[PDB]
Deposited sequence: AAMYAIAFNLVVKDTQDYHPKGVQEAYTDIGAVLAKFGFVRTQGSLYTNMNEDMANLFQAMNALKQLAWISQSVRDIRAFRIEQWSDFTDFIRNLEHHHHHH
């Protein structure tokens, strides 16, 4: 299924870099904003991504809000908008 991670930071580009690096290790790529998606893997993979983030000592003081969710009915409106 399609899993997604979205967050709010308080820190910038470096933190976004280091978080993106941890998430890339589990197939989560920045798609549209501060939204990281993985269209392939399951919940165990999402949970390993979230454990890997926890490991980063500084993330608890830089992340205000972090959401993970399943995306369904992923739909492209780019053409619907470009007329």
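The deposited chain is incompletely modelled, with C-alpha atoms absent over 1, 13-22, 95-102.
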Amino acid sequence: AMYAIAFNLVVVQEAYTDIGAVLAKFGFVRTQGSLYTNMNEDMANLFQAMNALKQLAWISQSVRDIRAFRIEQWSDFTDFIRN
From here on, numbers count along this sequence of modelled residues.
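Relative to its counterpart among 52-60 and 37-45, 52-60 has the higher mean temperature factor, C-alpha atoms as listed in the PDB entry. Stretches compared: 14-22, 70-78. Higher mean C-alpha B-factor in the entry: 14-22.
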